[PDB]
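Below: the structure, in structure tokens.
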């Protein structure tokens, strides 16, 4: 009846800032059809990162909020992923 002594933090790069839902598997992200007419941005940021993490259909593309430090985004202009 003891333990529960662990940690899930790697790096002192504090930020807790929003970011794309782009993963490492594929490596890309296509802007949804309508601007706020779907939940593809949330469902993608539900199991991936967490439940508390949400997201909407921003102007550019699926902009997720409340992301951890592990979350990875696609640092690129308004073009197709490399």
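None of the figures in this text is laboratory data; all of them are computed from the coordinates on show. Here Cβ is always computed from backbone atoms with ideal geometry, including for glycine, and neighbour counts include all displayed protein chains.
So what is the orientation-averaged projected area of the chain, using the convex hull of its C-alpha atoms, in nm²?
Value for the chain: 7.2 nm².
Grab the DSSP H runs of the chain that are 4 residues or longer, score each as -39,500 (n - 2.57), total them, divide by all residues and round the 222 nm result to the nearest 500 deg cm²/dmol.
-500 deg cm²/dmol
Roughly how many Å is it from the Cα centre of the stretch 36-51 to that of the stretch 1-19, as a whole number?
22
What ranking do 68-74, 17-23, 4-10 get when scored by the average of other Cβ atoms within 10 Å per residue, highest first?
Listed from highest to lowest mean packing, they are 17-23, 68-74, 4-10.
Calculate the spin-label point distance for residue 70 paired with residue 1, positioning each point 7 Å from the Cα along the beta-carbon direction, and give it in nanometres.
Output for this residue pair reads 3.1 nm.
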